[PDB]
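Overview (structure and organization)
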Amino acid sequence: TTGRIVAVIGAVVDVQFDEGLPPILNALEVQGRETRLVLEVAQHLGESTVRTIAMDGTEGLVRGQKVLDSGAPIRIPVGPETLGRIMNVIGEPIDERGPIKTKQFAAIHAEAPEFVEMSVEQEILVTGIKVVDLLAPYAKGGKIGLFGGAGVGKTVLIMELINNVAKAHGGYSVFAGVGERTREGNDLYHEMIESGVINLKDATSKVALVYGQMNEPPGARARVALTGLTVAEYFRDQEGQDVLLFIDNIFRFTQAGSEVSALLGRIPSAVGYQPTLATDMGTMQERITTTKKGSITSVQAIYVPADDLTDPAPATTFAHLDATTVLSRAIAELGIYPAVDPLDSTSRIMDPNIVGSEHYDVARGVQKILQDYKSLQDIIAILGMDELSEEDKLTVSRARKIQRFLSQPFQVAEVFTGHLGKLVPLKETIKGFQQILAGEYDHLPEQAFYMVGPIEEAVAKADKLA
Amino acid sequence: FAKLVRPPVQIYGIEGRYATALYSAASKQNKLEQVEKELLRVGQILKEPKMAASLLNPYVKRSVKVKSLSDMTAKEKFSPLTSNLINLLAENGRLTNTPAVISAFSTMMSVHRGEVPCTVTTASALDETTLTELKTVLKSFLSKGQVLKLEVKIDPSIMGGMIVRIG
Amino acid sequence: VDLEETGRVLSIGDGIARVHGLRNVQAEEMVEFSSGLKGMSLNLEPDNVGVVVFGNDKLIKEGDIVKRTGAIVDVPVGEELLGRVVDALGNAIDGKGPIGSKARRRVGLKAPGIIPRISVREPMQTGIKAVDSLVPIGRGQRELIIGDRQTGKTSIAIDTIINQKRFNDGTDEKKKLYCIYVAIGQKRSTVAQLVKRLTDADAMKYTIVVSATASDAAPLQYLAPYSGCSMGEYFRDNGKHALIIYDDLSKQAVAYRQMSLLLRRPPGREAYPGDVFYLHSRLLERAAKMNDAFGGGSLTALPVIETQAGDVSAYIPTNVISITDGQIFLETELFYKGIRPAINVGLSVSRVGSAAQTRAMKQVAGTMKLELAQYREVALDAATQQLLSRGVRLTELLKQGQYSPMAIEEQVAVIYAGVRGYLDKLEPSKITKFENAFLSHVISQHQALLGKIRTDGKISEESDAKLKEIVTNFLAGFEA
Amino acid sequence: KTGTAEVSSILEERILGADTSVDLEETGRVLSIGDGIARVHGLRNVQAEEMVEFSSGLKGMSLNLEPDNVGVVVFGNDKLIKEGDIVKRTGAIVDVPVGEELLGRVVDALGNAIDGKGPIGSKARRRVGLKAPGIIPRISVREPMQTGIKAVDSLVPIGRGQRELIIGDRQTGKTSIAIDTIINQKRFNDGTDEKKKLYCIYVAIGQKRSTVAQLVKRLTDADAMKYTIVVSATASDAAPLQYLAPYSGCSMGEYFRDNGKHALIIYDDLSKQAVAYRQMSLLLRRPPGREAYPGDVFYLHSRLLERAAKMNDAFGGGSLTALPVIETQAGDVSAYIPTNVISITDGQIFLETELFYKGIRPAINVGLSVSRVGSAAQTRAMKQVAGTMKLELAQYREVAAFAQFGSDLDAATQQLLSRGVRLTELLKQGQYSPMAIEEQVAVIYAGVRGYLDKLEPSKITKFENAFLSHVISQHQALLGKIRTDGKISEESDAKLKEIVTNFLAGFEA
């Protein structure tokens, strides 16, 4: 159908569609639009008017314009040729290596498997980060929510994980830079290309890049998310390939959504937060999992709006989590990389079963130690400290040491750190703590544990201190 | 802009916003009444199910309706502004409003020229007079009935409460 | 043409169909759309019908004909949902094809009468000592499971459910509790595991799982409990005891608010609409412990609330709080410590829990509860050091991790031991160890006794002497 | 309806069939004007984002193309406008005149040289409607840019193309800092440092003219003004104007970048803008969200800021380097707009009053001062000493942490403090302190090799000046060399050192 722009009030483009309309979601191409300015019908605003969303720039647009419904929602290239491609929301290589000639296009609304249709079971993958494995072990399909500060090394950490994993794990990847920092994509690009994770010698990689940068219209930023989402299901089911889905940042997705909701002259709930906040997510999150045909494992960055987590958005987020790594800024600030919170850098899916029962127990003990230890912090904070009792003091230290030991150097940020990163075998970790649990590092000080890999090296490090 | 002819009755907004258009329009050229009456006429040319059935019904969803009642029905002799202002209200949905617009108008040569006193004793018969307290006694030859609708009952009311009012 | 029972989709927000027409529709009618979707003509506006769309569209495009179904909603209700995962329409997302439930009953039916109702006197148990002990609990009862995330929370429900296995699979007619797990906004995965889990655990045969997963459209997710509720009454009123676990209403509320807002039917405190206490209230008031007319039956409500940072002052929690007959408050630190139970005991509450449970437990528990208080309290004295010793012993004793439910008698037994300080003559780690061994010991031997204790409904003094002796023998005799 | 258009001059003719007016599509009649939002009736074919012109010579921009009217943001004040008024399109959206004949100007953001030259207007205009470059268009920030502020240049050493937050409180020398840089850029710009042909763009958001006036005067004084646009949206302003200013600058600077040149924008500050804009939104009714701010204040900025970059080759490789400013209030960072900015900015510069009270102007929280960018923003010269120094300071600070039970606990730490303190003396800088790298490294060198660590803290500074005058005088050779080798070369070091030791000897004695 063709519609006329009756209102562009911002990028809420109200088009009254005039050869009828198709249903909602159907993607419209604005006629007279320079590039393909797809408007996605979002609402039948009624009266054969739709409220639509422009995802392009609207500047300079003569209103009253004519939009021709593309007659369906947006479809975007699918097939392996997308790995090693930076696609924008609308497919369109922002790899700009010329086209991604794919055989499949897909409308970005992909769906969720019914109960029966999804592998109803979990796995245990691991990560090689002490802190992680120990507290939040891994699995596949699992969406992990990662909190904290990009480039504290939050963002870096993600990469590092990718760095070992995509390579190591075959099962493809999606990287979704939602409101991506373009620059960060660039550098990274030269790096990826370089890295051979991205292969350009072969259009594919092991990984497809989706960048939906900040400068895009929110609709675009919001929607780039579904796009990527669509892809991974393609890879899973179609390609087998077990995507690791990097989302940076689902909050930035969200933001684009909320902002949108507002403009959608809806009621975007408390804090302005979109009414649909949840539904957007639910519908989305369920489009992620270990189906029978594979797993789309999500590594979900969630940067924290106004840095609060009691914030509904993270509240929502939680509902879909499988593991969560909540970085602690306090910890990060304490000059600890990893930046972890040791209280919700979690997996429910750590169980004596899922990990070693020991692993788990050791962890529970640890989790305990920290948990108790925190309790002391307040007291200590007020009151100086020393008369609590020494065993506790020991735990305290141990905890700190543990803290320091959780601080695990990183090679990718060796550049900064001078610290040679360490990805740590599971045992060393388990042991690490066990040893610490055995409290052996008597004499040995706190900083002897800072930024090491396997626990010996810390012991060693005390020695290096000496 | 064009200074506006706001002779009340009218209603001041409320298709006084409309009315006043024609309180300047009709008014200029003094088709005031000419049109005042166009409307009257029109009204019932409406009030049969032209009115329900498509007229105030869109089920077609007014979009073609307003582009066919601009021309199948707005197709008339009532048209120096009359159909055109219709053709303005139409899209602008104020078709559902029309009695009142007319009302507003019609209260103009018909009743601008009215009457109104209403004490508790009165409740005027509103007859069309530009002057007052005259007609207002002719009323007593009018006076010959009612439940004291136009002008009042002053019985339950005045008086009836009074005994109460003392206690 | 009906624009008085049928409508043309005037506008459709994307889930609120403003539908021109429909009039003759009765308020709160299920309608059916020309997108095949269902709707409820919820809002009878003087012009159009706000029809909450019970579906997902891009099927709807305006003008779509909205058809009456001509019905105010009922849901299939029955007793055959036991062994079934369903969705609220009464379709069964289990993919066990369709259910056996078949009678239908308005979810819109309300709260039992006082006389129809009959106060709790009827125990309720979980196989979780702490719960059964420290909450003295009956059936009919609302008790809030309140906590943030399965942190065993969800586990908690499971262990209970699993616990019912011995009873439902026992011939405990009275402890034949139909479990209704309304899974509200839960990932499918979670459910998957869960489903699996329960299935593996097979409580599921005597269990409804109403599953409204994370994706699921909001009114549906919202609806599911009411649905569940109708179904549970189905047992209740039918003598039987259903347990509905409303899991979780936080998510329901959200959805619901959202729903409201989309109806542009206002928010309220925390942007949440005004009836929302009421929401649940009416719902939960429909839960009851009945009189005899209803076969004495019950619908025990274990509603669940997921707090956000344990914040309950929170209007909706407060709401809920003011309704419930107590709460099971869970505290992280202990969980995190590994202490499962993790509870904040103080915050877990039964206003008057004890009037619908069991002497056996009671006999040891009252006093114990107190000792723990004392033990807890004091933030050395031989006494206090003792309380601590005990307390810690008892901690282990109430510590049954996730995946640990039980027959009661086992529980009372071990509790007894602890209350005799028998355990204080042991290193705390070995309490646990001991306990395991011990348990298999009495299981082995004094299954006799346990059978009896279970029999007496109380602990007999006699049994106590045998038990004491048993315990002591095991104790002493495996004290190392 | 909207009683507007029920204006019975409006209505009063559609009725009649006596209509035909302004254009009501390319011109409009102001339906109402109030609120700087000129609901202007008509405007249909109206370009989006279009700059229109009012029958007041005031400009407006067609924000909401509503089917009836345009919510038009007013580029003036509506005491200077009234109802009905005809707004005629300018047809076009905003571009701002862009070029180069702005370097040496204080203009209003409307490109009218409020300085008093009047517009030395650019022939060209360049879209403010212009957007950020792509991934591929960029090739990494590596080009340093050093402020002549030792601390900065070292520890959060500065690249180019960048976007780094200047954050700090009520003229905590903040501006002072900006000046020392500006003056500093002078030498490069007095170089024909084409890599560092850094055209400075000072976006003044909200500064009352007098504040600008000293400042500009300062720029004039720094004569740095010559390569400088001062985009000026003072306190006296309509809000959009302040709002607009960055964007304006944004068109302009990307041009340099893309013409290989190096542009520097100082947005001072988006805090005010955000407020203004939010407000503007809010005034537009147009949402708030968190902290009452519309959510797309992020978009606004994000979009704004992606437009600063360090380009690839296509663009002459150039830069538009952004030094955005946010003035903190009590380091408020979950302060949404800060939150945002942090995630955008590629490190951030914390300023601290205490340090300021300590006299330490510059007042930096180093620990937090971060260049997420880090290593790319440097020069080896600096890298070689600063690497160690930064680190040494890290420790020093850690141990400034741990300095109060006696710090004579271990030697190191006492030392770290002594040493640290020495360096501290060095890193405080006067006001109007642009600097040359070789001195800076020189001075650093002295300390990191502890020579100054063998000196009383008071005299460190004393040395520093002296040392500078000394090296300036004699070892001009060497200064030439460090610049030449671009680094501290080992030789230069040996001479330098040798100098240091002697100089030091001369300084101390």
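Residues numbered from 1 in each chain as written, not as in the entry; some residues may be left out. Chains lettered and ligands numbered in written order. Part of a larger assembly, values for the part shown. Heavy atoms only, no water. Residues with missing side-chain atoms left out of burial classes, pairs and counts.

Structure determination for the deposited model, as stated in its record, used cryo-EM, and the stated resolution is 7.10 Å.

Our next topic: the overall build of chain A. When helices and strands are counted, chain A shows 13 helices and 18 strands. Taking 466 residues into account, the globule formula puts the C-alpha radius of gyration at 23 Å, and chain A, at 24 Å, falls close to it. Taken over the C-alpha atoms alone, chain A extends approximately 80 × 50 × 45 Å along its principal axes. Contacts in chain A between residues far apart in sequence, at least 24 positions, make up 68% of those at least 6 positions apart. (Helix = DSSP H or I, 4+ residues; strand = E, 2+ residues; numbered from the N terminus. Rg over C-alpha atoms; globule rule 2.2 N^0.38 Å. Contact = heavy atoms within 4.5 Å.)

Moving on, we come to the overall build of chain C. Helix and strand counts for chain C come out as 14 helices and 16 strands. Computed over the C-alpha atoms, the radius of gyration of chain C is 25 Å, within 12% of the 23 Å expected from 2.2 N^0.38 for a compact globule of 480 residues. Taking the principal axes of its C-alpha atoms as reference, chain C extends roughly 85 × 45 × 40 Å.

This paragraph deals with the sheet that holds strand β11 (residues 177–186) of chain C. All names here are of chain C. Read across the open sheet, the eight strands follow the order β8-β12-β11-β13-β14-β10-β15-β16; overall the sheet is mixed. Lying at the two open borders of the sheet, with one neighbouring strand each, are β8 (84–86) and β16 (349–350). The pairing of strand β15 (residues 326–329) with β16 spans two bridges and is antiparallel. By the bridge assignment, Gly326 is partnered in β16 with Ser350. (Pairing = 2+ DSSP bridges.)

This part is about the interface of chain B and chain D. Listed as interface residues are six residues of chain B and, on the opposing side, six residues of chain D. Among the residues forming the side of chain B that touches chain D, the class breakdown is four nonpolar, one polar and one charged. (Nonpolar A, V, L, I, M, F, W, Y, C, P; charged D, E, K, R; others polar.)

Let us now look at the UniProt feature "binding site: Mg(2+) 1" in chain A. The sites that UniProt annotates as "binding site: Mg(2+) 1" are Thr155 of chain A. Note on placement: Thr155 of chain A falls in helix α2 (residues 154–169). (UniProt positions renumbered as here; feature names shortened; annotations may be inferred.)

Time to look at the UniProt feature "binding site: ADP" in chain A. All names here are of chain A. The positions that UniProt labels "binding site: ADP" are, in the present scheme, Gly151, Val152, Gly153, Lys154, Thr155 and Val156. Its location among the elements puts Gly151 in the loop between β11 (143–146) and α2. Among the secondary structure elements, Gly153 is positioned in the loop between β11 and α2.

Take the UniProt feature "binding site: Mg(2+)" in chain C next. All names here are of chain C. UniProt's feature table lists "binding site: Mg(2+)" at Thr154 and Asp247, given in the numbering used throughout. A maximum C-alpha distance of 8.9 Å is found for the annotated residues, which run over 94 residues; spatially they form one tight group. Within the fold, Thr154 resides in helix α2 (residues 153–168). Tracing the backbone through its elements, the reader meets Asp247 in strand β13 (residues 241–247).

Glancing now at the arrangement of the chains. By contact count, the leading pair among the three pairs of chains in contact is chains A and D. Considering only C-alpha positions, the minimal separation of the non-contacting chain B and chain C is 7 Å.

The next subject is the UniProt feature "binding site: ATP" in chain C. Mapped onto the present numbering, the UniProt feature "binding site: ATP" falls on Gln150, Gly152, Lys153, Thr154, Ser155, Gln400 and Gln402 of chain C. Along the chain, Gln400 of chain C falls in the loop between α10 (382–398) and α11 (408–419).

The next thing to look at is the interface of chain D and chain A. It is common to report an interface's size as the accessible area lost on association of the parts. Listed per partner, the contact involves 16 residues of chain D and 19 residues of chain A. It is strand β4 (residues 59–65) of chain D that provides the largest number of residues to the side of chain D that touches chain A, a total of three residues. Here the residues of the side of chain D that touches chain A are counted per class, giving six nonpolar, five polar and five charged. Pairing between strand β1 (residues 2–9) of chain A and β4 of chain D: two bridges, direction antiparallel. The residue of β4 of chain D that forms the bridge with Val8 of chain A is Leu65 of chain D.

When the domains of chain A are assigned, the result is domain 1 (1–73), domain 2 (74–349) and domain 3 (350–466). Look at where the C-alpha atoms of domain 1 of chain A and domain 3 of chain A centre, and you get two points 58 Å apart. (Domains from an automatic or database assignment.)

Residue and element names in this part refer to chain D. Judged from the three bridges that link them, strand β3 (residues 50–54) and β4 form a sheet pairing that is antiparallel. Within β4, the position partnered with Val52 by the bridge is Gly60. Following β3, the chain reverses through four residues before pairing antiparallel with β4; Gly57 in that reversal takes a positive phi of roughly 75°. Hairpin connection, β4 to strand β5 (residues 69–75): the antiparallel pair is bridged by three residues.

The next point concerns the domain arrangement of chain C. With domains assigned, chain C is organised as domain 1 (2–71), domain 2 (72–357) and domain 3 (358–480). Domain 1 of chain C and domain 3 of chain C are separated by 61 Å when their C-alpha centres are compared.

With that out of the way, let us pick up the pairing of β11 of chain A. All names here are of chain A. Bridge count for β11 against strand β16 (residues 294–301) is four bridges, and the pairing is parallel. Across the sheet, the residue bridging to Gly145 is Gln300, located in β16. The pairing of β11 with strand β17 (residues 323–327) spans three bridges and is classified as parallel. Bridge pairing in β17 places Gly145 opposite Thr324.

The end-to-end C-alpha distance of helix α12 (residues 437–448) of chain D is 15 Å, a good match for the 16 Å that 12 residues give at a rise of 1.5 Å each. Looking at the residues trailing α12 of chain D, positive phi occurs at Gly450 of chain D, about 80°. (Expected span 1.5 Å × (residues − 1).)

Another aspect to go through is unusual backbone geometry. For the bond running from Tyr337 of chain A to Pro338 of chain A, omega is -5°, close enough to zero to count as cis. Take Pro338 of chain A: it is sitting in the loop between α8 (329–333) and β18 (340–346). Here the bond from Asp247 of chain C into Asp248 of chain C is cis, since omega is 5°, no more than 30 degrees from zero. Residue placement: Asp248 of chain C occurs in the loop between β13 and α5 (249–262). The phi dihedral of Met159 of chain B is positive, around 85°, even though this residue is not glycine. Position of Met159 of chain B among the secondary structure elements: in the loop between α7 (139–142) and α8 (162–166).

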